[PDB]
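Source file: upload-v5.tsv. Holds: TSV, C-alpha atoms.
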```tsv
chain	number	residue	atom	x	y	z
A	188	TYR	CA	146.53	59.96	88.51
A	189	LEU	CA	148.48	61.74	91.23
A	190	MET	CA	150.82	58.76	91.48
A	191	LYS	CA	151.22	58.97	87.71
A	192	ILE	CA	152.01	62.69	87.56
A	193	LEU	CA	154.41	62.58	90.49
A	194	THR	CA	156.77	60.73	88.17
A	195	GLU	CA	157.40	64.01	86.34
A	196	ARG	CA	159.66	65.14	89.17
A	197	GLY	CA	161.46	61.88	89.85
A	198	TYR	CA	159.42	60.27	92.62
A	199	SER	CA	158.28	56.79	91.61
A	200	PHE	CA	155.66	54.99	93.69
A	201	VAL	CA	154.79	51.53	92.37
A	202	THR	CA	154.10	49.10	95.21
A	203	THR	CA	150.53	48.69	96.40
A	204	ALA	CA	151.77	49.83	99.80
A	205	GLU	CA	153.06	53.12	98.40
A	206	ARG	CA	149.62	53.88	97.01
A	207	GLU	CA	148.72	54.63	100.62
A	208	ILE	CA	151.56	57.16	100.81
A	209	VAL	CA	150.34	58.82	97.63
A	210	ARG	CA	146.84	58.90	99.11
A	211	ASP	CA	148.19	60.68	102.17
A	212	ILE	CA	149.96	63.21	99.96
A	213	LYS	CA	146.71	63.82	98.09
A	214	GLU	CA	144.72	64.30	101.28
A	215	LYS	CA	147.16	66.65	102.96
A	216	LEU	CA	148.39	68.81	100.08
A	217	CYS	CA	146.09	68.87	97.05
A	218	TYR	CA	143.44	71.55	96.61
A	219	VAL	CA	141.01	72.55	93.86
A	220	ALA	CA	141.91	75.69	91.95
A	221	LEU	CA	139.29	78.39	91.53
A	222	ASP	CA	140.54	79.12	88.01
A	223	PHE	CA	142.73	76.54	86.34
A	224	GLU	CA	144.64	78.53	83.72
A	225	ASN	CA	145.59	81.34	86.09
A	226	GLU	CA	146.92	78.82	88.60
A	227	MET	CA	148.87	77.02	85.89
A	228	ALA	CA	150.42	80.34	84.88
A	229	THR	CA	151.21	81.38	88.45
A	230	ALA	CA	152.79	78.08	89.46
A	231	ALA	CA	155.01	78.28	86.37
A	232	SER	CA	156.49	81.68	87.28
A	233	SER	CA	156.64	82.12	91.05
A	234	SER	CA	157.37	79.45	93.65
A	235	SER	CA	154.80	80.34	96.31
A	236	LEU	CA	152.90	77.07	95.81
A	237	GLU	CA	155.67	74.49	96.32
A	238	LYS	CA	154.76	72.72	99.55
A	239	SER	CA	157.05	70.02	100.91
A	240	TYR	CA	156.15	66.75	102.61
A	241	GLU	CA	158.17	64.20	104.55
A	242	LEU	CA	157.97	60.58	103.43
A	243	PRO	CA	157.73	57.78	106.01
A	244	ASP	CA	161.53	57.59	105.99
A	245	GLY	CA	162.84	61.11	105.38
A	246	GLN	CA	163.80	62.46	101.94
A	247	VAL	CA	161.24	65.26	101.81
A	248	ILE	CA	159.55	65.87	98.46
A	249	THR	CA	158.30	69.12	96.94
A	250	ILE	CA	154.99	69.20	95.08
A	251	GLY	CA	154.70	72.01	92.58
A	252	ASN	CA	151.75	72.42	90.25
A	253	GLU	CA	150.82	68.81	90.91
A	254	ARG	CA	148.85	70.21	93.83
A	255	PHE	CA	145.81	71.45	91.91
A	256	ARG	CA	146.28	69.25	88.84
A	257	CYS	CA	145.37	66.04	90.66
A	258	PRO	CA	141.86	67.11	91.79
A	259	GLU	CA	141.25	69.05	88.59
A	260	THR	CA	140.54	65.67	87.00
A	261	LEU	CA	137.09	65.87	88.60
A	262	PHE	CA	136.10	68.79	86.38
A	263	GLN	CA	137.97	67.56	83.27
A	264	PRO	CA	137.80	63.76	83.13
A	265	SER	CA	139.71	63.91	79.85
A	266	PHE	CA	142.92	63.95	81.91
A	267	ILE	CA	142.64	60.26	82.77
A	268	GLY	CA	141.21	59.53	79.34
A	269	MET	CA	137.57	59.34	80.43
A	270	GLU	CA	135.17	60.75	77.86
A	271	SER	CA	132.42	62.05	80.13
A	272	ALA	CA	131.98	65.57	81.45
A	273	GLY	CA	133.12	66.77	84.83
A	274	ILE	CA	131.20	66.80	88.07
A	275	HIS	CA	130.38	70.43	87.31
A	276	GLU	CA	128.41	69.50	84.18
A	277	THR	CA	126.85	66.18	85.11
A	278	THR	CA	125.03	67.99	87.92
A	279	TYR	CA	123.60	70.51	85.46
A	280	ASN	CA	122.63	67.70	83.10
A	281	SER	CA	121.00	65.82	85.97
A	282	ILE	CA	119.01	68.94	86.81
A	283	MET	CA	117.93	69.58	83.22
A	284	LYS	CA	116.45	66.08	82.97
A	285	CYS	CA	114.08	66.98	85.80
A	286	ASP	CA	110.74	68.68	85.25
A	287	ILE	CA	110.62	72.38	84.45
A	288	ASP	CA	108.94	73.39	87.71
A	289	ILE	CA	111.35	71.93	90.28
A	290	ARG	CA	114.55	73.20	88.73
A	291	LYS	CA	114.67	76.33	90.91
A	292	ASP	CA	114.51	74.30	94.12
A	293	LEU	CA	117.20	71.91	92.91
A	294	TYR	CA	119.37	74.88	91.91
A	295	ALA	CA	119.02	76.40	95.36
A	296	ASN	CA	119.60	73.19	97.35
A	297	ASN	CA	122.60	71.54	95.72
A	298	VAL	CA	124.15	69.25	98.35
A	299	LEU	CA	127.71	67.94	98.50
A	300	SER	CA	128.67	64.79	100.36
A	301	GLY	CA	131.21	61.98	100.32
A	302	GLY	CA	134.88	62.07	101.15
A	303	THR	CA	136.30	63.34	97.87
A	304	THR	CA	134.33	66.58	98.14
A	305	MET	CA	136.58	67.67	101.01
A	306	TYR	CA	139.18	69.36	98.82
A	307	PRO	CA	139.85	72.91	100.01
A	308	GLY	CA	138.14	75.25	97.57
A	309	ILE	CA	135.74	72.94	95.75
A	310	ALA	CA	132.51	74.51	97.02
A	311	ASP	CA	133.50	77.72	95.22
A	312	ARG	CA	134.75	76.22	91.96
A	313	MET	CA	131.61	74.14	91.59
A	314	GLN	CA	129.37	77.13	92.31
A	315	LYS	CA	131.24	79.25	89.78
A	316	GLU	CA	130.92	76.54	87.12
A	317	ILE	CA	127.22	75.94	87.68
A	318	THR	CA	126.53	79.68	87.75
A	319	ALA	CA	128.26	79.88	84.39
A	320	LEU	CA	126.08	77.09	83.01
A	321	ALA	CA	122.75	77.92	84.65
A	322	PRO	CA	120.40	80.76	83.68
A	323	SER	CA	121.41	84.09	85.16
A	324	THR	CA	118.26	84.58	87.23
A	325	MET	CA	118.32	81.42	89.35
A	326	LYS	CA	120.23	81.47	92.61
A	327	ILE	CA	122.89	78.76	92.91
A	328	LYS	CA	123.70	77.63	96.43
A	329	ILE	CA	125.99	74.74	97.38
A	330	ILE	CA	125.47	73.13	100.78
A	331	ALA	CA	128.83	71.91	102.10
A	332	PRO	CA	128.47	70.88	105.75
A	333	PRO	CA	131.71	70.49	107.71
A	334	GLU	CA	130.77	66.89	108.54
A	335	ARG	CA	130.85	65.90	104.89
A	336	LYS	CA	132.79	62.64	105.22
A	337	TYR	CA	130.35	60.98	107.61
A	338	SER	CA	127.24	62.58	106.14
A	339	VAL	CA	125.97	59.29	104.72
A	340	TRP	CA	126.44	57.51	108.02
A	341	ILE	CA	124.80	60.27	110.06
A	342	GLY	CA	121.83	60.09	107.71
A	343	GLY	CA	121.81	56.33	108.11
A	344	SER	CA	121.66	56.68	111.88
A	345	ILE	CA	118.80	59.16	111.63
A	346	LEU	CA	116.86	56.87	109.29
A	347	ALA	CA	117.40	53.83	111.49
A	348	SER	CA	116.26	55.80	114.54
A	349	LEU	CA	112.86	56.66	113.03
A	350	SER	CA	109.69	55.06	114.32
A	351	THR	CA	107.93	55.19	110.94
A	352	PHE	CA	110.77	53.16	109.41
A	353	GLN	CA	110.60	50.40	112.01
A	354	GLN	CA	108.37	48.18	109.88
A	355	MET	CA	110.38	48.38	106.64
A	356	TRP	CA	113.10	45.93	107.68
A	357	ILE	CA	113.37	42.67	105.76
A	358	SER	CA	112.41	40.22	108.49
A	359	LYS	CA	114.09	36.83	108.38
A	360	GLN	CA	110.88	34.85	107.95
A	361	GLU	CA	110.17	36.91	104.84
A	362	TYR	CA	113.56	35.97	103.41
A	363	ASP	CA	112.91	32.31	104.20
A	364	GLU	CA	109.69	32.45	102.16
A	365	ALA	CA	110.90	34.28	99.04
A	366	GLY	CA	114.66	33.75	98.92
A	367	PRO	CA	117.33	36.40	98.42
A	368	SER	CA	115.33	38.01	95.62
A	369	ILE	CA	113.19	39.63	98.32
A	370	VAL	CA	115.36	42.76	98.25
A	371	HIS	CA	114.11	43.87	94.84
A	372	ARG	CA	110.51	43.44	96.03
A	373	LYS	CA	108.40	45.90	98.03
A	374	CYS	CA	110.93	45.87	100.86
A	375	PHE	CA	113.40	47.74	98.68
B	160	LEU	CA	56.17	109.97	77.70
B	161	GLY	CA	56.50	110.31	81.47
B	162	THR	CA	54.73	106.99	81.98
B	163	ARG	CA	57.09	105.18	79.61
B	164	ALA	CA	60.13	106.82	81.21
B	165	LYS	CA	58.98	105.94	84.73
B	166	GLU	CA	58.32	102.34	83.68
B	167	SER	CA	61.96	101.88	82.70
B	168	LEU	CA	63.13	103.85	85.74
B	169	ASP	CA	61.17	101.65	88.16
B	170	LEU	CA	62.26	98.50	86.32
B	171	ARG	CA	65.93	99.45	86.63
B	172	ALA	CA	65.51	100.64	90.23
B	173	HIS	CA	64.93	97.14	91.60
B	174	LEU	CA	67.79	95.73	89.53
B	175	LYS	CA	70.09	98.43	90.91
B	176	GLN	CA	68.89	97.69	94.45
B	177	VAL	CA	69.58	93.97	94.11
B	178	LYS	CA	72.95	94.60	92.45
B	179	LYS	CA	74.16	97.19	94.97
B	180	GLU	CA	72.50	96.89	98.39
B	181	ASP	CA	73.29	93.17	98.46
B	182	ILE	CA	76.99	94.05	98.21
B	183	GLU	CA	76.71	95.37	101.78
B	184	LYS	CA	76.04	91.80	102.95
B	185	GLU	CA	79.83	91.42	103.20
B	186	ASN	CA	82.81	93.45	102.04
B	187	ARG	CA	85.44	92.68	104.71
B	188	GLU	CA	86.82	89.71	102.75
B	189	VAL	CA	89.31	92.16	101.22
B	190	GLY	CA	90.95	92.24	104.65
B	191	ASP	CA	93.93	89.90	104.76
B	192	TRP	CA	95.00	87.78	107.72
B	193	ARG	CA	97.92	88.37	110.09
B	194	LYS	CA	100.99	87.04	108.23
B	195	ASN	CA	103.20	87.65	111.24
B	196	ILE	CA	106.99	87.82	111.33
B	197	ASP	CA	109.51	85.92	113.46
B	198	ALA	CA	112.25	88.52	114.09
B	199	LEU	CA	114.81	85.74	114.70
B	200	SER	CA	112.80	84.42	117.62
B	201	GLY	CA	111.59	81.14	116.16
B	202	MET	CA	115.08	79.63	116.09
B	203	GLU	CA	114.69	77.19	119.00
B	204	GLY	CA	115.28	73.78	117.45
B	205	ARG	CA	118.11	71.48	116.45
B	206	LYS	CA	118.50	68.77	113.81
B	207	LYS	CA	117.13	66.02	116.04
B	208	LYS	CA	113.85	64.92	114.41
B	209	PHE	CA	112.62	65.92	110.96
B	210	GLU	CA	109.93	63.45	109.86
B	211	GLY	CA	107.61	64.88	112.51
```
Mind turning this structure into C-alpha coordinates?
Amino acid sequence: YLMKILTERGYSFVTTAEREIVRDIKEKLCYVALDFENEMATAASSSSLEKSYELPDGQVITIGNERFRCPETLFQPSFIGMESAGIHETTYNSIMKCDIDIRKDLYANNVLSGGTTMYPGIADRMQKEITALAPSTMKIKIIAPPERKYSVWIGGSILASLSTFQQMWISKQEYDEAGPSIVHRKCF
Amino acid sequence: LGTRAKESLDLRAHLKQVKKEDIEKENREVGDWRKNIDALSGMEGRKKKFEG
(Lines of atoms letter the chains of each structure in order from A and count residues from 1; the text may use other names and numbers.)
(Lines give C-alpha, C1' and ligand atoms only; values in the text may rest on other atoms or scores of the structure.)
Protein backbone atom coordinates (compact mmCIF):
# COMPACT_ATOMS: atom_id res chain seq x y z
CA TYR A 1 0.00 0.00 0.00
CA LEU A 2 2.85 2.41 0.66
CA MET A 3 4.33 1.57 -2.73
CA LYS A 4 0.90 2.26 -4.21
CA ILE A 5 0.36 5.64 -2.54
CA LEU A 6 3.87 6.87 -3.28
CA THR A 7 2.77 7.09 -6.90
CA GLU A 8 0.70 10.15 -5.98
CA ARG A 9 3.85 12.26 -5.89
CA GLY A 10 5.61 10.82 -8.93
CA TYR A 11 7.83 8.10 -7.49
CA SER A 12 7.13 4.77 -9.17
CA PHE A 13 8.57 1.58 -7.69
CA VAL A 14 7.66 -1.55 -9.66
CA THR A 15 10.51 -4.06 -9.65
CA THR A 16 10.57 -6.72 -6.96
CA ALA A 17 13.94 -5.29 -5.95
CA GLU A 18 12.47 -1.84 -5.34
CA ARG A 19 9.95 -3.34 -2.93
CA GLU A 20 12.91 -3.57 -0.56
CA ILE A 21 13.54 0.16 -0.95
CA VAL A 22 9.91 0.89 -0.19
CA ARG A 23 10.18 -1.36 2.85
CA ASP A 24 13.16 0.65 4.07
CA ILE A 25 11.21 3.87 3.59
CA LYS A 26 8.34 2.42 5.61
CA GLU A 27 10.61 1.31 8.43
CA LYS A 28 12.54 4.55 8.73
CA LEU A 29 9.86 7.20 8.17
CA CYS A 30 6.30 5.99 8.77
CA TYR A 31 4.59 6.42 12.13
CA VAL A 32 1.09 5.84 13.50
CA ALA A 33 -0.95 8.97 14.11
CA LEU A 34 -2.63 9.43 17.47
CA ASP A 35 -5.65 11.03 15.80
CA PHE A 36 -6.07 10.54 12.08
CA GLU A 37 -8.27 13.46 11.03
CA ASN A 38 -6.24 16.07 12.91
CA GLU A 39 -3.04 14.79 11.31
CA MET A 40 -4.65 14.83 7.87
CA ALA A 41 -5.69 18.44 8.45
CA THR A 42 -2.28 19.49 9.78
CA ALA A 43 -0.27 17.87 7.00
CA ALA A 44 -2.50 19.64 4.46
CA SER A 45 -1.77 23.14 5.82
CA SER A 46 1.73 23.31 7.30
CA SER A 47 4.85 21.52 6.07
CA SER A 48 6.36 20.40 9.36
CA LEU A 49 5.87 16.71 8.53
CA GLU A 50 7.66 16.44 5.17
CA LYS A 51 10.69 14.28 5.86
CA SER A 52 13.15 13.55 3.06
CA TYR A 53 15.01 10.33 2.30
CA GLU A 54 17.91 9.51 -0.01
CA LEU A 55 17.42 6.67 -2.47
CA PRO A 56 20.24 4.18 -3.12
CA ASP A 57 21.44 6.43 -5.93
CA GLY A 58 20.68 10.02 -4.92
CA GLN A 59 17.53 11.91 -5.98
CA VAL A 60 16.13 12.46 -2.50
CA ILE A 61 12.37 12.10 -2.11
CA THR A 62 9.99 13.92 0.24
CA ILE A 63 7.20 12.01 1.97
CA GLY A 64 4.29 14.18 3.02
CA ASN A 65 1.11 12.79 4.55
CA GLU A 66 2.06 9.37 3.23
CA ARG A 67 3.93 9.00 6.51
CA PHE A 68 0.97 8.17 8.74
CA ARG A 69 -1.37 6.99 5.98
CA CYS A 70 0.60 3.81 5.30
CA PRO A 71 0.37 2.34 8.84
CA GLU A 72 -3.15 3.67 9.33
CA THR A 73 -4.28 0.72 7.21
CA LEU A 74 -3.90 -1.41 10.33
CA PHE A 75 -6.79 0.37 12.04
CA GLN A 76 -8.89 0.82 8.88
CA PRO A 77 -8.42 -2.21 6.61
CA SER A 78 -10.90 -0.66 4.21
CA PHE A 79 -7.98 1.26 2.68
CA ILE A 80 -6.63 -1.82 0.92
CA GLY A 81 -10.15 -3.06 0.28
CA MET A 82 -10.25 -5.58 3.12
CA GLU A 83 -13.64 -5.83 4.79
CA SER A 84 -12.61 -6.72 8.33
CA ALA A 85 -12.13 -4.38 11.26
CA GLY A 86 -8.82 -2.97 12.37
CA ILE A 87 -6.40 -4.39 14.89
CA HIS A 88 -8.00 -2.05 17.42
CA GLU A 89 -11.37 -3.79 17.16
CA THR A 90 -10.42 -7.40 16.55
CA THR A 91 -8.69 -7.36 19.94
CA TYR A 92 -11.86 -6.15 21.62
CA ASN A 93 -13.89 -8.77 19.77
CA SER A 94 -11.40 -11.45 20.78
CA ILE A 95 -11.78 -10.35 24.40
CA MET A 96 -15.58 -10.29 24.29
CA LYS A 97 -15.67 -13.91 23.10
CA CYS A 98 -13.93 -14.91 26.33
CA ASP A 99 -15.78 -15.68 29.54
CA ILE A 100 -17.20 -12.84 31.61
CA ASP A 101 -14.86 -13.35 34.57
CA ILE A 102 -11.46 -13.14 32.86
CA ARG A 103 -12.12 -10.02 30.83
CA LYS A 104 -10.59 -7.69 33.43
CA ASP A 105 -7.29 -9.57 33.43
CA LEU A 106 -7.16 -9.63 29.64
CA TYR A 107 -7.93 -5.91 29.57
CA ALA A 108 -5.08 -5.19 31.96
CA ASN A 109 -2.48 -7.44 30.28
CA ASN A 110 -2.78 -6.70 26.57
CA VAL A 111 0.56 -7.67 25.00
CA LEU A 112 2.04 -6.44 21.73
CA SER A 113 4.63 -8.40 19.77
CA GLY A 114 5.87 -8.96 16.24
CA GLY A 115 7.78 -6.63 13.98
CA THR A 116 4.94 -4.52 12.61
CA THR A 117 4.02 -3.29 16.08
CA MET A 118 7.22 -1.22 16.16
CA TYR A 119 5.70 1.88 14.59
CA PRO A 120 6.40 4.96 16.70
CA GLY A 121 3.19 5.86 18.49
CA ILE A 122 1.13 2.68 18.14
CA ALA A 123 1.03 1.77 21.83
CA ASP A 124 -0.89 4.99 22.46
CA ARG A 125 -3.28 4.86 19.51
CA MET A 126 -4.26 1.29 20.33
CA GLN A 127 -4.80 2.12 24.00
CA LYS A 128 -6.95 5.12 23.09
CA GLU A 129 -9.06 3.02 20.72
CA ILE A 130 -9.60 0.17 23.17
CA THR A 131 -10.40 2.62 25.98
CA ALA A 132 -13.02 4.11 23.69
CA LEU A 133 -14.51 0.67 23.03
CA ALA A 134 -14.16 -0.91 26.48
CA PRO A 135 -16.31 -0.14 29.54
CA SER A 136 -15.18 2.97 31.39
CA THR A 137 -14.32 1.21 34.65
CA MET A 138 -11.77 -1.34 33.42
CA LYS A 139 -8.14 -0.32 33.24
CA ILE A 140 -6.56 -0.75 29.80
CA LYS A 141 -2.82 -1.36 29.77
CA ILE A 142 -0.72 -2.20 26.71
CA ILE A 143 2.57 -4.02 27.29
CA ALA A 144 5.07 -2.93 24.62
CA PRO A 145 8.54 -4.20 25.53
CA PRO A 146 11.46 -2.59 23.69
CA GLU A 147 12.56 -6.02 22.44
CA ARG A 148 9.35 -6.48 20.49
CA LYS A 149 10.83 -7.79 17.25
CA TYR A 150 12.58 -10.79 18.80
CA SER A 151 9.95 -11.42 21.46
CA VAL A 152 8.80 -14.65 19.84
CA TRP A 153 12.33 -15.96 19.58
CA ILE A 154 13.24 -15.01 23.15
CA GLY A 155 10.15 -16.86 24.31
CA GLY A 156 11.17 -19.81 22.17
CA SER A 157 14.58 -19.89 23.81
CA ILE A 158 13.01 -19.78 27.27
CA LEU A 159 10.62 -22.60 26.41
CA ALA A 160 13.37 -24.76 24.95
CA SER A 161 15.52 -24.18 28.04
CA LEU A 162 12.89 -25.55 30.44
CA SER A 163 13.38 -28.88 32.16
CA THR A 164 9.65 -29.66 32.30
CA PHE A 165 9.46 -29.32 28.50
CA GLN A 166 12.31 -31.74 27.85
CA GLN A 167 10.00 -34.72 27.32
CA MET A 168 7.57 -33.06 24.88
CA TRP A 169 9.83 -33.31 21.82
CA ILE A 170 8.68 -35.52 18.95
CA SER A 171 11.35 -38.21 19.09
CA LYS A 172 12.36 -39.75 15.79
CA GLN A 173 11.29 -43.28 16.70
CA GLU A 174 7.81 -41.92 17.37
CA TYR A 175 7.70 -40.40 13.89
CA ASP A 176 8.87 -43.69 12.39
CA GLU A 177 5.93 -45.47 14.04
CA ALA A 178 3.08 -43.08 13.20
CA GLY A 179 4.24 -41.10 10.17
CA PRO A 180 4.15 -37.34 9.73
CA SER A 181 0.63 -37.16 11.15
CA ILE A 182 2.20 -37.45 14.61
CA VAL A 183 2.28 -33.67 14.96
CA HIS A 184 -1.49 -33.36 15.33
CA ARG A 185 -1.44 -36.04 18.03
CA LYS A 186 -0.65 -35.63 21.74
CA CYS A 187 2.78 -34.25 20.92
CA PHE A 188 1.20 -31.09 19.55
CA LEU B 1 -47.10 -17.80 90.81
CA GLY B 2 -43.54 -17.59 92.12
CA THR B 3 -43.04 -21.31 91.51
CA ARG B 4 -44.20 -21.05 87.90
CA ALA B 5 -42.04 -17.97 87.32
CA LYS B 6 -38.95 -19.62 88.83
CA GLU B 7 -39.52 -22.75 86.72
CA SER B 8 -39.22 -20.73 83.52
CA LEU B 9 -36.35 -18.68 84.97
CA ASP B 10 -34.33 -21.79 85.85
CA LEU B 11 -35.16 -23.40 82.51
CA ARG B 12 -33.88 -20.37 80.59
CA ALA B 13 -30.86 -19.97 82.89
CA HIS B 14 -29.16 -23.14 81.64
CA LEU B 15 -29.94 -22.27 78.02
CA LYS B 16 -28.40 -18.82 78.53
CA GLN B 17 -25.35 -20.40 80.17
CA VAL B 18 -24.80 -22.81 77.28
CA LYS B 19 -25.41 -20.08 74.71
CA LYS B 20 -23.12 -17.49 76.31
CA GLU B 21 -20.40 -19.02 78.51
CA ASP B 22 -19.44 -21.40 75.70
CA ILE B 23 -18.66 -18.35 73.53
CA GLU B 24 -15.65 -17.76 75.79
CA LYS B 25 -14.15 -21.02 74.49
CA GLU B 26 -12.66 -18.94 71.67
CA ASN B 27 -13.16 -15.40 70.39
CA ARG B 28 -9.71 -14.52 68.99
CA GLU B 29 -10.59 -15.80 65.51
CA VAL B 30 -11.66 -12.23 64.71
CA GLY B 31 -7.96 -11.37 64.80
CA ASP B 32 -6.51 -11.30 61.29
CA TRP B 33 -3.05 -12.47 60.28
CA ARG B 34 -0.02 -10.33 59.40
CA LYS B 35 -0.57 -9.29 55.76
CA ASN B 36 2.83 -7.63 55.63
CA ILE B 37 4.08 -5.11 53.08
CA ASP B 38 7.19 -5.13 50.88
CA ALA B 39 8.19 -1.44 50.75
CA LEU B 40 10.04 -2.01 47.46
CA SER B 41 12.37 -4.50 49.10
CA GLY B 42 11.19 -7.69 47.43
CA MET B 43 12.48 -6.65 44.01
CA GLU B 44 15.49 -8.98 43.81
CA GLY B 45 14.82 -11.13 40.77
CA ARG B 46 15.18 -11.04 37.00
CA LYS B 47 13.30 -12.70 34.14
CA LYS B 48 15.42 -15.84 34.21
CA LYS B 49 13.06 -18.65 35.28
CA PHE B 50 9.29 -18.42 35.55
CA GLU B 51 7.84 -21.95 35.56
CA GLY B 52 9.34 -22.50 39.01
TODO: Would you kindly return, as a list in words, each protein, DNA or RNA residue with an atom no farther than 8 Å from any atom of region 299-310 of chain A, considering only C-alpha atoms and excluding same-chain residues fewer than 2 positions away?
DONE: residues 214, 217, 218, 219, 220, 221, 258, 297, 312, 313, 314, 329, 330, 331, 332, 335, 336, 337, 338 and 339 of chain A
Open item on the list: Counting only C-alpha atoms, which residues have an atom no more than 10 Å from (157.8, 59.5, 100.4) in the file's coordinates? Please list them as an NGL selection string.
Closed with: :A and (198-200 or 205 or 208-209 or 211-212 or 240-248)
- [ ] For chain B, list the residues within 10 Å of chain A, counting only C-alpha atoms, and write the list as a count of residues only.
- [x] 6
- [ ] Rounded to one decimal place, report the CA of residue 251 (chain A)-CA of residue 230 (chain A) distance in Å.
- [x] 7.1 Å
Put the listed atoms of region 172-176 of chain B in a box along x, y and z with 8 Å added on every side and give me the centre and edge lengths in Å to one decimal, as lines of an AutoDock Vina configuration file.
```
center_x = 67.5
center_y = 98.2
center_z = 92.0
size_x = 21.2
size_y = 20.9
size_z = 20.9
```
Open item on the list: One decimal, in Å: what's the spacing between CA of residue 262 (chain A) and CA of residue 318 (chain A)?
Closed with: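 Distance reported for this atom pair: 14.6 Å.
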Open item on the list: Could you tell me how far CA of residue 261 (chain A) sits from CA of residue 325 (chain A), in Å to one decimal place?
Closed with: 24.4 Å
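All residues of protein, DNA or RNA that reach within 9 Å of region 254-256 of chain A, judged by all atoms listed in the file and not counting those fewer than 4 positions away in the chain, are residues 189, 192, 213, 216, 217, 218, 219, 220, 223, 226, 227, 236, 237, 238, 250 and 260 of chain A.
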Open item on the list: Which residues are close to residue 317 (chain A), i.e. within 9 Å by all atoms listed in the file, leaving aside same-chain residues fewer than 4 positions away? Reply as an MDAnalysis selection string.
Closed with: chainID A and resid 275:276 278:279 294 312:313 321 327
Open item on the list: My list of candidates is A:347, A:282, A:287, A:374. Which is closest to residue 320 (chain A) when distances are computed with only C-alpha atoms?
Closed with: A:282
Output region 185-196 of chain B as a short mmCIF file (atom, residue, chain, number, x, y, z; two decimals), keeping the file's coordinate frame, making sure N, CA, C and O atoms are there.
```cif
data_model
loop_
_atom_site.label_atom_id
_atom_site.label_comp_id
_atom_site.auth_asym_id
_atom_site.auth_seq_id
_atom_site.Cartn_x
_atom_site.Cartn_y
_atom_site.Cartn_z
N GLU B 185 78.47 91.63 102.72
CA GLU B 185 79.83 91.42 103.20
C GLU B 185 80.80 92.11 102.25
O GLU B 185 80.70 91.94 101.04
N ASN B 186 81.72 92.88 102.81
CA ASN B 186 82.81 93.45 102.04
C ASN B 186 84.14 93.41 102.77
O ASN B 186 85.13 93.95 102.25
N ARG B 187 84.21 92.78 103.94
CA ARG B 187 85.44 92.68 104.71
C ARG B 187 86.40 91.63 104.17
O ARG B 187 87.55 91.57 104.64
N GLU B 188 85.97 90.79 103.23
CA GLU B 188 86.82 89.71 102.75
C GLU B 188 88.10 90.25 102.12
O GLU B 188 89.08 89.52 101.99
N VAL B 189 88.09 91.53 101.72
CA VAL B 189 89.31 92.16 101.22
C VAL B 189 90.39 92.15 102.29
O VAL B 189 91.58 92.02 101.97
N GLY B 190 90.01 92.28 103.55
CA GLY B 190 90.95 92.24 104.65
C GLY B 190 91.73 90.95 104.72
O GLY B 190 91.15 89.86 104.79
N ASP B 191 93.06 91.05 104.69
CA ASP B 191 93.93 89.90 104.76
C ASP B 191 94.16 89.49 106.21
O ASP B 191 93.81 90.22 107.14
N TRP B 192 94.74 88.31 106.39
CA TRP B 192 95.00 87.78 107.72
C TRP B 192 96.32 88.34 108.25
O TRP B 192 96.90 89.26 107.68
N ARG B 193 96.79 87.79 109.37
CA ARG B 193 97.92 88.37 110.09
C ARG B 193 99.21 88.37 109.27
O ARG B 193 99.75 89.44 108.99
N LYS B 194 99.69 87.19 108.89
CA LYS B 194 100.99 87.04 108.23
C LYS B 194 102.10 87.66 109.07
O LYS B 194 102.77 88.61 108.67
N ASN B 195 102.28 87.10 110.26
CA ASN B 195 103.20 87.65 111.24
C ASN B 195 104.65 87.33 110.87
O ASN B 195 104.93 86.50 110.00
N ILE B 196 105.57 88.01 111.54
CA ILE B 196 106.99 87.82 111.33
C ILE B 196 107.58 87.10 112.54
O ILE B 196 106.93 86.94 113.57
#
```
